[PDB]
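Read the numbers this way: they start at 1 and go in the same order the structure lists the ligands and their atoms. Letters A, B, ... are given to chains in the order of the sequence lines, protein chains preceding strands, and every chain is numbered from 1. Scope of the values below: all heavy atoms of this structure, side chains included, with no hydrogens, waters or symmetry mates.
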Amino acid sequence: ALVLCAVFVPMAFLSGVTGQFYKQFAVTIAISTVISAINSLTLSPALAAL
Amino acid sequence: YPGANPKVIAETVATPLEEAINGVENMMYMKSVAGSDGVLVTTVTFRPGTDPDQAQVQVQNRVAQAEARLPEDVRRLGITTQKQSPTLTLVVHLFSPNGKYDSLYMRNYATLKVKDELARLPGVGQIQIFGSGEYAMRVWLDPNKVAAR
Amino acid sequence: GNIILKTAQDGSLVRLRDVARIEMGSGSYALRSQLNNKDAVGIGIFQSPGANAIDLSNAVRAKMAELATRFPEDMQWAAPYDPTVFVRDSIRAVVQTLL
Amino acid sequence: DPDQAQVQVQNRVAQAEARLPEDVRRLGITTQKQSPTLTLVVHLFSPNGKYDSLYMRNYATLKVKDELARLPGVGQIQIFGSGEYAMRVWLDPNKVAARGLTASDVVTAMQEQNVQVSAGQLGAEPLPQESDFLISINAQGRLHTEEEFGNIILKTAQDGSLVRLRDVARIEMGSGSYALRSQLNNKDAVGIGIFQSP
Amino acid sequence: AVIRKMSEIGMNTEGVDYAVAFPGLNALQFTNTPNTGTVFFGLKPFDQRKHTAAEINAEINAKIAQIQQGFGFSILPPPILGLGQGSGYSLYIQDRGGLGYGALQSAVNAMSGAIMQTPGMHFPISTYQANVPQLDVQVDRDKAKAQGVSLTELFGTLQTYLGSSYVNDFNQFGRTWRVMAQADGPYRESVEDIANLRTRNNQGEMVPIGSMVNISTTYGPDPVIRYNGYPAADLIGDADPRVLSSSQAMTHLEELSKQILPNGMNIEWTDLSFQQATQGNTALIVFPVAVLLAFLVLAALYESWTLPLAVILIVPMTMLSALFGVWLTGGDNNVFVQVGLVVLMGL
Amino acid sequence: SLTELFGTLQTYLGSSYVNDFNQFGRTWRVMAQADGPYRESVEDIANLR
Ligand SMILES: CCCCCCCCCCCCO[C@@H]1O[C@H](CO)[C@@H](O[C@H]2O[C@H](CO)[C@@H](O)[C@H](O)[C@H]2O)[C@H](O)[C@H]1O
Ligand SMILES: CCCCCCCCCCCCO[C@@H]1O[C@H](CO)[C@@H](O[C@H]2O[C@H](CO)[C@@H](O)[C@H](O)[C@H]2O)[C@H](O)[C@H]1O
Ligand SMILES: CCCCCCCCCCCCO[C@@H]1O[C@H](CO)[C@@H](O[C@H]2O[C@H](CO)[C@@H](O)[C@H](O)[C@H]2O)[C@H](O)[C@H]1O
Ligand SMILES: CCCCCCCCCCCCO[C@@H]1O[C@H](CO)[C@@H](O[C@H]2O[C@H](CO)[C@@H](O)[C@H](O)[C@H]2O)[C@H](O)[C@H]1O
């Protein structure tokens with residue numbers, strides 16, 4: 001999750017109009033990655049054992 | 001500037017306005033377009049991230065400072081300074097299928113009964129109306145008859 | 001038309017309508033508007049930054065529909081362009097892709 | 001916030017304008033937030049005296065000031081020295097009065113004969129049948145040169161001849177202000193202060 | 001009359017719901033110009049029609065090309081209102097040396113031809129048109145004043161009769177409206193109509209304008225355009241990315257302009273082009289930072305300064321596979337593709 | 001009238017802003033005033049007509 005944030009979050013800082021487009025993708029993807037990791041350490045193994 | 005040549009509008013209206021506006025913070029560029037309809041539109045564009053409410057007030061301060069430079073008939077009609085809302089949401093037309101009403105009637109219907117109702121809706125930034133003109137009392141003179149008297 | 005311009009030789013009053021045609025007309029003849037070759041007027045509605053475009057388009061349509069109950073017969077309204085369809089499509093796509 | 005202070009002041013000034021003398025209003029009042037931080041002073045100067053401060057100041061206004069004002073980080077550009085060009089009509093009051101004229105006559109004639117003109121169009125609406133052409137009209141009301149201002153007609157004398165402005169005045173493209181001078185090592189100059197923004 | 005023919009064409013083209021027409025509207029500036037008109041064609045939802053927008057556009061174009069009375073066009077719309085295109089460019093030609101409206105027209109014509117013959121670049125479009133026929137009313141000021149006609153009266157006569165005068169306001173329907181005075185249209189159609197207007201001298205006599213002026217035909221721009229404080233003309237144009245990138249396009253146009261424009265004219269980029277020419281590429285910092293941050297996370301995970309390389313060195317191969325599929329299908333490397341590449345490298 | 005009297009002092013001795021003109025692409029003021037040698041002494045004031 002940190003490696004993916006290391007890749008995606010800097011992409012929110014690119015310049016110009018295309019940078020504003022990249023920011024929309026990068027921040028959204030970084031969020032979903034972090035939340036999915038949280039879920040992968042909690043709900044997903046808990047559900048599997050259950 | 002009703003009736004004025006585009007060259008006179010550019011020289012005596014657009015030029016002093018631009019002289020006043022020049023220097024406003026965060027401006028990227030500015031253009032003026034003067035037409036044979038007598039209308040000047042001067043568009044001042046600001047750097048991305050500029051607060052558009054701040055841009056608006058700085059431009060309206062410079063306009064005020066130029067207004068004394070302007071031709072009397074320009075001043076008598078009045079000048080407007082308006083920040084632009086670039087994101088279109090909906091186009092609406094009024095129209096008359098059988099032809100009972102013309103564009104003059106319908107544009108002024110929109111001005112009298114539609115525009116202010118739409119402008120109150122939450123989320124509206126700008127309402128633009130395209131076609132014909134506001135009503136005016138028109139006195140159409142016959143110069144020969146005027147000068148005969 | 002009954003504005004007085006002067007006193008004539010014979011003592012009559014010269015009126016504006018004696019030298020002019022007077023009509024409630026237009027302030028501008030420079031731009032015309034048609035919809036499918038019928039006379040029209042176009043209205044562009046722009047949202048503010050931070051608005052919800054889909055809610056605003058629905059609210060404009062609903063307001064037009066309320067106003068239109070008082071239109072004189074033979075005047076109608078249309079919405080010939082609605083660009084909120086693009087984000088509506090993207091939302092539909094998110095839901096379908098997730099499924 | 002300096003931008004809030006600027007707007008509040010500029011809107012109070014706008015409300016004071018109705019109280020001001022007409023001549024102050026016709027010139028215009030300015031309200032400007034001050035940028036306190038100097039970055040660089042730049043001067044133009046003439047080594048061999050070919051150009052004076054009036055020329056150099058207006059060169060800066062015409063050719064330098066606006067190109068500097070676009071540089072990233074500028075908050076304010078101030079120009080020090082001489083004044084803006086102005087068309088100066090230097091009346092000889094004895095000659096004016098000898099032609100039977102007042103100073104107010106002279107000013108009125110100059111406002112009559114150097115003026116913006118609206119000349120109209122042919123072929124615009126409303127017409128009973130469709131026009132094929134819209135033809136804009138041009139008519140020159142404004143004057144440009146010293147000679148043209150000197151050829152202004154103040155009145156017709158009793159013999160019908162035209163009394164010209166140049167007959168009662170010396171006319172020159174001169175300075176709008178003689179209050180402030182600018183030298184650089186005793187040569188004529190104009191000073192330019194470049195202030196950064198925060 | 002031509003717009004109404006174009007509207008009829010679009011209305012009778014399969015797949016078109018509306019012809020939203022504005023005779024007078026110059027679409028490049030959204031101001032009014034009498035020899036320009038705009039008509040938008042509203043398309044049915046894709047699933048209610050057989051043809052694509054490109055097919056419909058191509059059909060309309062073949063039909064409007066048969067209209068002889070003026071130069072009609074129909075084009076695909078930009079993806080974003082207020083930025084325009086994406087590979088194309090926008091510039092003004094500025095006249096900074098007082099060269100005048102005719103030299104600006106020659107500069108426009110010369111730049112536009114040279115651009116049209118650059119491969120991957122079509123003839124650009126302009127609002128500027130300096131050859132609009134006009135009339136010049138040269139006032140004999142000495143002769144007016146010699147006979148007692150003040151220039152205020154003379155100019156005022158032209159202004160009110162030919163140009164209209166704003167008189168004051170009145171109220172109707174609960175609103176404020178202007179009151180305007182002007183000659184009726186039939187009395188301001190001809191050069192003789194100008195000459196026959198009458199003003200009054202200081203004796204009270206009615207004097208015809210024509211006895212104090214010389215009227216002649218001339219030319220002038222409509223509209224007049226200024227950009228950053230100079231008379232100017234706009235050029236909007238395309239640049240095919242399969243031939244040249246937007247950056248090579250801009251570099252070429254800068255060089256053309258240096259060869260073609262006379263001393264005292266220049267070009268300035270505007271809109272999206274101004275941003276490209278003034279934005280730096282922070283990717284030169286952003287990309288190394290991203291690789292170094294990912295390397296550091298992995299060096300911690302693996303407690304090794306070398307093992308991270310087993311992960312980092314493979315990601316170019318995913319980028320290559322993706323672009324190969326784009327290349328094989330004729331695609332370009334647009335922003336959706338670019339984010340696709342980064343997500344795949346993450347996977 | 002005082003208007004004429006005050007107006008005479010103001011234009012000759014103080015200058016009057018007339019209006020504007022265009023040159024070099026810009027707007028500049030047009031100013032009227034007595035030339036300097038006619039506004040140097042108290043007699044110059046008294047002799048204004
Ligand atoms: C997880 C989301 C990550 C998204 C990041 C994916 C891409 C990362 C950055 C793109 C790499 C280069 O970054 C950027 O590239 C684009 C397009 O190639 C260039 O864009 C340039 O060309 C395009 C079209 O050719 C012009 O419309 C644009 O105005 C101009 O700047 C930028 O100058 C550069 O800053
Ligand atoms: C159906 C079109 C929908 C709107 C599309 C607009 C997107 C174009 C972006 C450029 C900006 C438009 O800029 C907009 O210009 C129009 C001129 O046409 C101005 O509007 C003017 O147009 C006409 C001209 O007779 C009048 O009917 C109107 O009352 C007047 O205000 C607006 O006050 C300005 O905000
Ligand atoms: C079927 C009905 C369809 C109605 C559609 C309504 C939307 C129509 C949009 C047409 C225009 C789109 O193309 C758009 O043109 C305008 C006008 O030149 C450009 O706008 C540009 O010029 C305008 C006009 O002076 C300035 O306000 C501004 O400095 C600049 O952004 C936009 O950058 C471009 O994106
Ligand atoms: C008759 C009177 C004369 C009229 C006066 C003419 C107006 C002059 C135009 C003002 C030009 C502004 O100049 C321009 O400023 C913009 C906006 O800050 C800067 O623009 C650029 O700045 C930096 C550069 O990385 C970026 O963050 C920004 O997004 C980008 O737009 C440019 O560096 C400069 O080219």
Side-chain angles (χ1 to χ4, degrees), chain A residues 4 7-12 14-19 21-30, chain B residues 14-31 33 41 43-50 84 86 88 91 93, chain C residues 42 44 80-81 83, chain D residues 66-67 69-72, chain E residues 17-20 26-31 38 40-43 77-88 90 127 226-230 234 236 241 245-247 268 270-284 286-287 332-335 337-343 346, chain F residues 25-27:
Chain A
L4 290 180
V7 170
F8 301 151
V9 171
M11 304 312 163
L14 293 146
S15 54
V17 58
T18 55
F21 286 16
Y22 300 142
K23 190 189 175 142
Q24 304 303 300
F25 310 120
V27 171
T28 298
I29 294 171
Chain B
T15 294
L17 284 169
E18 288 167 5
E19 289 170 298
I21 287 162
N22 174 39
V24 60
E25 312 198 318
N26 295 320
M27 178 187 23
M28 283 196 299
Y29 35 84
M30 166 178 48
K31 74 175 172 184
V33 177
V41 182
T43 300
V44 194
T45 303
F46 289 78
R47 319 180 35 168
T50 301
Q84 292 309 291
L88 182 68
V91 177
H93 276 60
Chain C
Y81 190 55
Chain D
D66 295 339
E67 308 298 323
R70 325 169 39 152
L71 292 179
Chain E
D17 263 340
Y18 289 106
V20 182
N26 168 13
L28 292 168
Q29 295 299 336
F30 276 72
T31 62
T38 305
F40 305 101
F41 298 113
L43 308 181
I80 300 208
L81 290 319
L83 293 188
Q85 179 20 242
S87 12
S90 297
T127 316
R226 295 167 64 73
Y227 186 78
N228 286 347
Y230 294 104
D234 49 336
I236 294 300
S245 63
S246 40
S247 165
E268 285 246 10
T270 191
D271 297 340
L272 251 200
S273 310
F274 177 81
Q275 288 206 39
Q276 320 177 209
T278 60
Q279 73 177 77
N281 202 3
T282 57
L284 292 207
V286 160
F287 290 171
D332 66 344
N333 198 194
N334 64 62
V335 310
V337 170
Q338 285 170 331
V339 315
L341 303 177
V342 177
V343 167
Chain F
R26 303 289 185 104
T27 304

Quick look: C:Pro80 vs ligand 3, heavy-atom contacts under 4.0 Å, and the answer is backbone
Measure from every N or O atom of ligand 4 to the protein's N or O atoms and keep only the pairs below 3.5 Å, writing each with atom names and distance to 0.1 Å.
residue: ligand 4; atom: 13 (O); partner: D:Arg70; partner atom: O; Å: 3.4
residue: ligand 4; atom: 25 (O); partner: E:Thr278; partner atom: O; Å: 3.3
residue: ligand 4; atom: 27 (O); partner: B:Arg47; partner atom: NH2; Å: 2.5

Quick look: A:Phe21 vs ligand 1, heavy-atom contacts under 4.0 Å, and the answer is neither
Separation between CZ (E:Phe30) and OG1 (B:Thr43), nearest 0.5 Å, reads 12.0 Å
Quick one: does E:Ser245 get within less than 4.0 Å of ligand 1, heavy atoms only? no
Quick note on ligand 3: atoms under 4.0 Å from a heavy atom of E:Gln29 include exactly 24 (C), 25 (O)
So the atoms of ligand 1 within less than 4.0 Å of a heavy atom of A:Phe8 turn out to be 1 (C)
ask   = Short question: side chain of B:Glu19, backbone of F:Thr27 - any donor-acceptor pair under 3.5 Å?
value = yes
Here the atoms of ligand 1 under 4.0 Å from any heavy atom belonging to A:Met11 are 3 (C)
- Pair E:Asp234 + E:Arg226: basic N to acidic O under 4.0 Å: no
For the backbone of B:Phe46 and the side chain of B:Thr50, can you confirm whether one donor and one acceptor N or O come within less than 3.5 Å of each other? no
Taking only non-hydrogen atoms of E:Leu81 and a 4.0 Å limit, the atoms of ligand 3 in range are 9 (C), 12 (C), 35 (O)
Taking only non-hydrogen atoms of E:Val20 and a 4.0 Å limit, the atoms of ligand 3 in range are 1 (C), 2 (C)
**Study point:** Any N/O pair E:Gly82/ligand 3 closer than 3.5 Å
**Key:** yes
**ligand 3 contact by B:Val33, heavy-atom criterion under 4.0 angstrom** = no
Any heavy atom of A:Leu14 under 4.0 Å from ligand 1? The part involved is side chain
| request: For residues B:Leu88 and C:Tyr81, determine if any side-chain heavy atom of one lies less than 4.5 Å from a side-chain heavy atom of the other. | output: yes
Sorted by chain and residue number, the side chain to side chain contact (heavy atoms under 4.5 Å, CB included) partners of A:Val7 (sequence neighbours excluded) come out as A:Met11, E:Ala294, E:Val342
Using non-hydrogen atoms of the residue, decide whether E:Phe30 is closer than 4.0 angstrom to ligand 3. yes
Flag side-chain contact, heavy atom, 4.5 Å: E:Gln276 against E:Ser247:
no
Atoms of ligand 3 under 4.0 Å from any heavy atom of E:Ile80, numbered from 1 in the order shown, are 35 (O)
Note to self: Is it the case that the side chain of E:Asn281 and the backbone of E:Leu284 share a donor-acceptor pair, with hydrogens and angles ignored and the cut-off at 3.5 Å?
What the structure shows: no
**OP:** Step by step, work out the side chain to side chain contact (heavy atoms under 4.5 Å, CB included) result for B:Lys31 and E:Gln29.
**Re:** CA-CA 10 Å; B:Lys31 74 175 172 184; E:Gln29 295 299 336; 2.8 Å; yes
Side-chain donor or acceptor of E:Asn26 paired with backbone N/O of E:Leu28 under 3.5 Å
yes
- Query: Short N/O distance, under 3.5 Å, between E:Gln338 and ligand 1?
  - Reply: yes
### Query
Polar-atom distance check: E:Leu28 versus ligand 3, any N or O pair below 3.5 Å?
yes
Per-atom filter on ligand 3: closer than 4.0 angstrom to a heavy atom of E:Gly42 are 1 (C)
Near E:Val339 (heavy-atom distance under 4.0 Å), the atoms of ligand 1 are 4 (C)
* Strictly by modelled atom types, are E:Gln85 and E:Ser87 linked by a side-chain donor-acceptor pair under 3.5 Å? -> yes
Numbered in order shown, the ligand 1 atoms found under 4.0 Å of a heavy atom of E:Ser246 are 22 (O), 24 (C), 25 (O)
E:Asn281 heavy atoms within 4.0 Å reach ligand 1 at atoms 34 (C), 35 (O)
For E:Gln279 and A:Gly16, the nearest pair of non-hydrogen atoms, with its separation, is OE1-CA, 3.9 Å
Sorted by chain and number, sequence neighbours left out, side chain to side chain contact (heavy atoms under 4.5 Å, CB included) with E:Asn228 holds for B:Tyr29, B:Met30, D:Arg70, E:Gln94, E:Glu268
Ligand 3 contact by E:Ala27, heavy-atom criterion under 4.0 angstrom: yes
By ring pair (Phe, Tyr, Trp, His ring centres under 6.0 Å), A:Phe25 pairs with (sequence neighbours left out) E:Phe336
For E:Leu83 and A:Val17: C-alpha separation, side-chain torsions, deciding distance, then whether side chain to side chain contact (heavy atoms under 4.5 Å, CB included) applies. CA-CA 9 Å; E:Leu83 293 188; A:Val17 58; 3.8 Å; yes
Ligand 1 to E:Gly86, heavy atom cutoff 4.0 Å, flagged ligand atoms 24 (C), 26 (C), 27 (O)
Decide yes or no for E:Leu43 and E:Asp17: does some side-chain heavy atom of the first lie under 4.5 Å from some side-chain heavy atom of the second?
no
